[PDB]
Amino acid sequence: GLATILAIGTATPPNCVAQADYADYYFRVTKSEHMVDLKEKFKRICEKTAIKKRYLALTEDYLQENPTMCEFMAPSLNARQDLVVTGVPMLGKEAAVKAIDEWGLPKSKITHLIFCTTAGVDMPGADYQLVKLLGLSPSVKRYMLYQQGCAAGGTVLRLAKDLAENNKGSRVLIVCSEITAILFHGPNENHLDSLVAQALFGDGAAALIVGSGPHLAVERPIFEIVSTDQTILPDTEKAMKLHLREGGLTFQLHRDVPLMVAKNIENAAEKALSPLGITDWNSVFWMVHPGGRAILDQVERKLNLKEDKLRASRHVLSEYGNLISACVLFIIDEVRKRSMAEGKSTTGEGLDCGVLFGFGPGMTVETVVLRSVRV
């Protein structure tokens, strides 16, 4: 049958910074208090993000020990890699233990692993580090996805669907783990998109167990993965470019990204839902990657969504920031937890079918349809 999500677990770094305090923290730790107008602008940017708090692996102490990370485009990749090459797999293990505990079956039954991040690279990769950390089978089939960015929560679901459905008995562990230290930069008047980026992202990891043919007495389906699309939005290549250089992961973020999503989003919805005979956008539940608050707003406008349709997406953005590839998988967890807490008839807000969107460089949209599980 369809690849089905059987367990979800999430984790974050312990250090939390409130968004209402972030501009002061940031201008202080980067020694940039002399840029008063830019501080004022960043205060405005933070207020607009609709983010309440963010967990960050990057500490004040690490920055003090590695100052170069605060000086715009000074060499600092080695310090970044020193954090994220062990950080990323360790955070991913924390989420994966929770998923494995919820699922409840022996870890020995995990046949495939998909490890996804956008922070650092190394050989052996973070996937190897995860198997050693978790004690998974040395013969587990691995899919190491590096430098993946914000649509890749859709990518992992698209990949896991084919692995689970083509391999009888298989059980796939998905881990997305993101640490934003790779793209932290001090303020610079010529790079306002880079400044904006300092308010957007937080750290986190999500882990899922996915398989077809659930043993219903002991496994608990949460959602089935119905179909996956991936497409490049015409004439949006300039929207987002990020290069891995001696100074860290750089940022080129166009201010019209939200409008580029608005122009294309009804066609991605229609392409996913017309095959199912669904044309009423409010008859389905939505999990929308919160690249920024304005992206959510444009999706709600262009799909003509009731005011609460994107609650679960806005809730994740508020409590954690944009978690890059793990973000939409925190939203799947939010949707199913809230549905159970409210006593809905289904895991997808009492509705039968839902649509998940990931948005990343290219511009790429990943559109995944999920079917709820009747409860």
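Position 1 is the first residue in the sequence shown; the rest follow in order.
Fill in: Which of 148 to 156 and 216 to 224 has higher mean CA B factor, as the PDB entry lists it
Comparing 216 to 224 with 148 to 156, the higher mean C-alpha B-factor belongs to 216 to 224.
Fill in: Between 230 to 238 and 170 to 178 (mean CA B-factor, as deposited), the higher
Between 230 to 238 and 170 to 178, it is 230 to 238.
Discussion item. Just the C-alpha B-factor column, please: which of 112, 254, 161, 93 has the biggest number?
Written reply: Highest C-alpha B-factor among the listed residues goes to 254.
Discussion item. Take the CA temperature factors straight from the PDB entry and tell me which of 354, 360, 14, 9 peaks.
Written reply: That would be 14.
Fill in: Third of chain Cα B-factors occupied by residue 195
Highest third - that is where residue 195 ends up once the chain's C-alpha B-factors are sorted.
Worksheet item: If you rank the chain by CA B-factor, which third does residue 325 end up in: lowest, middle or highest?
Response: Lowest third, going by the recorded CA B-factors of the chain.
Discussion item. What third of the chain does residue 258 rank in for C-alpha temperature factor, lowest, middle or highest?
Written reply: It belongs to the middle third of the chain when residues are ordered by C-alpha B-factor.
Practice prompt. Going by the recorded CA B-factors, say which third of the chain residue 189 sits in, lowest, middle or highest.
Written response: For residue 189, the deposited C-alpha B-factor lands in the highest third.
Worksheet item: For residue 293, does the deposited CA B-factor place it in the lowest, middle or highest third of the chain?
Response: Its C-alpha B-factor, which the entry lists for residue 293, ranks in the middle third among residues of this chain.
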